[PDB]
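Student: This one's experimental. Sequence and coordinates below.
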Amino acid sequence: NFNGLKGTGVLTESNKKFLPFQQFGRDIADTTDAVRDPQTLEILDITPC
Amino acid sequence: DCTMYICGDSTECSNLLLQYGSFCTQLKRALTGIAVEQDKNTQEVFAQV
Amino acid sequence: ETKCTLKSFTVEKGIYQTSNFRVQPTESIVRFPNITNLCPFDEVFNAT
Ligand SMILES: *[C@@H]1O[C@H](CO)[C@@H](O[C@@H]2O[C@H](CO)[C@@H](O)[C@H](O)[C@H]2NC(C)=O)[C@H](O)[C@H]1NC(C)=O
Ligand SMILES: *[C@@H]1O[C@H](CO)[C@@H](O)[C@H](O)[C@H]1NC(C)=O
């Protein structure tokens, strides 16, 4: 759960660049794929199981 | 693969799909009937010798 | 599993699909935002 986004998956590390006002990431299916942790400012990954 | 498209790799949705039963086996026994004719279409067009 | 996803006891020579190797869930964790919202409780408990 990051900032109220419920989901299940394997969390790995990535290096995507996000604008400061641009938090959530989507895809072609309109699903949350790449997110950013609320306490810190690191983009986690696009990685399901 | 059925459970994956209908249910987002969860457990509560995987158990509920069995209540509907064999709605899906019918689906993957059709897209395996199509996916064997494609291997049969090429074998009768190019392989006459 | 090819005896289990096909619902029989004797199978014939061929190639069959059974399932996939998606990684199963193990645990349930949460990371919310920093707080930076402390109540003015210093004067509540440490007034002279
Ligand atoms: C919440 O904020 C506090 C400060 O108000 C953070 O504490 C320090 O923050 C600076 C700048 O981010 C870091 O360089 C220090 O290492 C932090 N110190 C400690 C002991 O954490 C605090 O880290 C913030 N919370 C989170 C989860 O990052
Ligand atoms: C009040 O003072 C004590 C003694 O140092 C301290 O431990 C405590 O944290 C103080 N109260 C608050 C709300 O900071």
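Tutor: Thanks, I have the structure now. Numbers count the residues shown, from 1 in each chain, chains lettered A, B, ... in the order given. Ligands and ions are numbered 1, 2, ... in the order given.
Student: which ones are touching residue C:19?
Tutor: C:1, C:5 (C-beta atoms under 8 Å, 6 or more residues apart in numbering or on different chains). Any C-beta I mention is one placed from the backbone N, CA and C, and that applies to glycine too.
Student: tell me which residues of stretch A:42-49 are tucked away?
Tutor: Neighbour counts over stretch A:42-49 (16 or more other C-beta atoms under 10 Å in any protein chain shown) mark A:43-45 as buried.
Student: Go through those residues and name the one nearest ligand 1.
Tutor: Among the buried residues of stretch A:42-49, residue A:44 lies closest to ligand 1 (C-beta to the nearest ligand atom), at 14.5 Å.
Student: can you tell me how far the closest one sits from chain C?
Tutor: According to C-beta to the nearest C-beta, to the nearest Å, residue A:44 and chain C sit 10 Å apart.
Student: Doesn't that residue belong to a helix?
Tutor: No: Residue A:44 is assigned strand when assessed by DSSP: H, G, I helix; E, B strand; the rest coil, not a helix.
Student: mind checking how far it is from residue C:41?
Tutor: 35 Å (C-beta to C-beta, to the nearest Å).
Student: And for residue C:2?
Tutor: For residue C:2 relative to residue C:41 (C-beta to C-beta), the value is 65 Å.
Student: now swap in residue A:3 and tell me
Tutor: 27 Å.
Student: same deal with residue A:7?
Tutor: From residue A:7 over to residue C:41 (counting by C-beta to C-beta), the distance is 36 Å.
Student: thinking again about what came up before, who has more neighbours, residue A:3 and residue C:41?
Tutor: More neighbours surround residue A:3 than the other of residue A:3 and residue C:41, with 14 against 8 (other C-beta atoms under 10 Å in any protein chain shown).
Student: residues contacting that one?
Tutor: A:23, A:35, A:38, C:32-33.
Student: If we use 6 Å, what do you get?
Tutor: The contact partners of residue A:3, by C-beta atoms under 6 Å, 6 or more residues apart in numbering or on different chains, come to residue A:38.
Student: So what touches stretch A:25-32?
Tutor: Contacts of stretch A:25-32 (C-beta under 6 Å, 6+ apart): A:5, A:24, A:33-34.
Student: Filter these down to the ones in strands?
Tutor: If you go by DSSP state E, these have residue A:34 in strands.
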